[PDB]
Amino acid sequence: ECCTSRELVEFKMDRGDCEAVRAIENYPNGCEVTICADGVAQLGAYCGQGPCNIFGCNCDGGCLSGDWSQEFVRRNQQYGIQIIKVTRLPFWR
């Protein structure tokens, strides 16, 4: 399968700042981040556990796993993540 799915998440924080959760400032609309299924900011070209093929598929270890924006909130409990918007990419099909 392909590790091309990701989410664009806009949120506010009760504690900490956007950088603490590897997000970027989007003042005056909070923070924005692009995550993989593990609820962590995307760190490669795709959301594989490791490298992917030319299409973003057949990645080493398959795709990062988890419950998406819900996991982003969960793992960042200490910051109090207030979700505003979530967009699933690829959006169109």
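Don't overthink the numbering: it's just position in the shown sequence, from 1.
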With reference to the PDB entry, specify whether the mean Cα temperature factor is higher for 55 to 63 or for 22 to 30.
-> 22 to 30
Taking the entry's C-alpha B-factors for this chain, is residue 14 in the lowest, middle or highest third?
-> highest
On the chain's distribution of Cα B-factors, residue 86 falls within the third called lowest
Could you look up the Cα B-factor of residue 77 in the entry and say which third of the chain it sits in: lowest, middle or highest?
-> middle
